[PDB]
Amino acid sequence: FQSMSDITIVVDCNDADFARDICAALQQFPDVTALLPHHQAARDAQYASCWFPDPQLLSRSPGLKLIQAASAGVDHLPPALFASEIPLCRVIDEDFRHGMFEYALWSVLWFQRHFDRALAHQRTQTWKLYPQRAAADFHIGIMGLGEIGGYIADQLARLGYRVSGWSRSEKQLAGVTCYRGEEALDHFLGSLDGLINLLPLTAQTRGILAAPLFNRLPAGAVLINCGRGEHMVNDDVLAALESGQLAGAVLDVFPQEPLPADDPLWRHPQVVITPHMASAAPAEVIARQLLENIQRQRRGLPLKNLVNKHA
């Protein structure tokens, strides 16, 4: 008989294509078996790669020794992973962060340079030039200044934008006006032409993109949501767009995905819907970092990119 692979991994991802891609990238390494959760051998896996995994993972696969979030963020992992003693790591990848920046830059430009108006006017064959707005005269606020948010803020500042940043904790970023804590929200919001959400989803940030926040922005601000769908209160977005409190939104993430065909966001002239595309670590990067960490673990070494479960 064939001996079983030394490494067995369950790949528990909500997007089937993503899970399949990660399984294939892991199976490019000899002596590795990658299984989906429906396979009964999944119950025996010693390692897991996860993106919105089953909240019951630890029941279905009770022998797990290392769990990896298939992304830089961890707010898609269920509460049980945080409460267990299984080591939890994440994917930290230059190409992913660069992608999140690309998306934010497209979206900033769309509004600053009025591509939004151009595309709308194109539908009616209307030719209308608007004033040109220099990057120093477009004030962008980034909420959330961790690995991703801080990177984006710094890169925007490097292109010449006026950039403000907001975090729960102290941050110092060169070229960026940094604000800390809820009390500082009015001052962070009150000068912005554009707001970009990169917060993780927690009990405190749920619903933060709502009327109380939008009413502290200057009229005609734009919103860009790259966090989670639960950050948003949808009725409040649509209400802001209708009064002109918001002039537009670019939205990548929704409570349910695919976004249902009937959701009214799809149809608002001032909304751009993108299909949770802002950025994703590639399968091969995920595979390699997971395997490197498995190997470290098997050799008794300290793991890289360990998740602090109490942060």
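Don't overthink the numbering: it's just position in the shown sequence, from 1.
With 192-200 and 227-235 compared on mean CA B-factor from the PDB entry, the stretch scoring higher is 227-235. Between 73-81 and 98-106, it is 73-81 that carries the larger average Cα temperature factor according to the deposited entry. Of the candidates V10, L301, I294, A25, the deposited coordinates give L301 the top C-alpha B factor. The entry lists a Cα temperature factor for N215 that places it in the middle third of the chain's modelled residues.
In the PDB entry, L35 places in the middle third of its chain by CA B-factor. When all modelled residues of the chain are sorted by CA temperature factor, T274 is found within the middle third. Residue-level temperature factors show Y47 in the lowest third of its chain, judged at the C-alpha atom. Among all modelled residues in its chain, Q172 ranks in the highest third by Cα B-factor.
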